[PDB]
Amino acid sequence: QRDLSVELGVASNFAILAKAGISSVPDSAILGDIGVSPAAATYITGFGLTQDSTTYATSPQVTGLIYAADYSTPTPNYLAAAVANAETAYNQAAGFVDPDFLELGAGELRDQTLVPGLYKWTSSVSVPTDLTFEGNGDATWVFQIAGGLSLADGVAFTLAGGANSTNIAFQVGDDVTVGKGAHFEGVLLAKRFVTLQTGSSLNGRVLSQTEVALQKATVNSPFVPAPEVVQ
């Protein structure tokens, strides 16, 4: 019943967006664009970046484009808006009041099934086992985590009942780590570091205010609609 949609603005153009840097131990696999701002291109590492034709770059690990804050106009302002929009989104997700679940499992989410609503914690959160999201194509979930977030090696987020991960948002105050072969679902609004350990995969987006590290990770963000030109 409650609308806990989070608005992402330009950030919904990005598989990954980071303020300070993005790194990869290859081969990672990214479906969607990636960007850093205010960081310049030197802080996107492990991608073997080739430039054009000079407002973006390409990389074999990115199906899509790579944007850095020191690229040619209008990328800088394109990125600044994505970043500010990402900050706006973080703060909205954190802004929600009157949670439905408070301190659930003392921070440990074990063989859980999460119904739609607001989940808050004052601690870190560990997911030792598979976690299920159940509700309809329109149900929204928001998670407010004041500490860090981890998923144990091999755990999967799975969707049930028609749940859509464009409607799942994680606001996290401290470092996030997705263990090896683990699977993540939703939009990751991280104030600090994010690490996607080897062979981990993520259906959603990663928006970090510091740094994003991928270790042979797979990131699949939703497609962007082609803005339709009037010739």
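We number the residues from 1 along the sequence you see.
- Deposited sequence between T42 and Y43: no residues lack coordinates (chain continuous).
- Look at the C-alpha B-factors of 59 to 67 and of 43 to 51. On average they run higher in 43 to 51.
- According to the PDB record, 101 to 109 carries the higher mean C-alpha B-factor of the two stretches 101 to 109 and 81 to 89.
- By the numbers in the PDB entry, the CA B factor is greatest at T122 among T122, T140, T75, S150.
- In the PDB entry, a CA B factor belonging to the middle third of its chain's modelled residues is recorded for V6.
- Split the chain's modelled residues into thirds by C-alpha temperature factor. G181 is in the middle one.
- For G162, the recorded CA B-factor ranks within the highest third of the chain. Only modelled residues enter the ranking.
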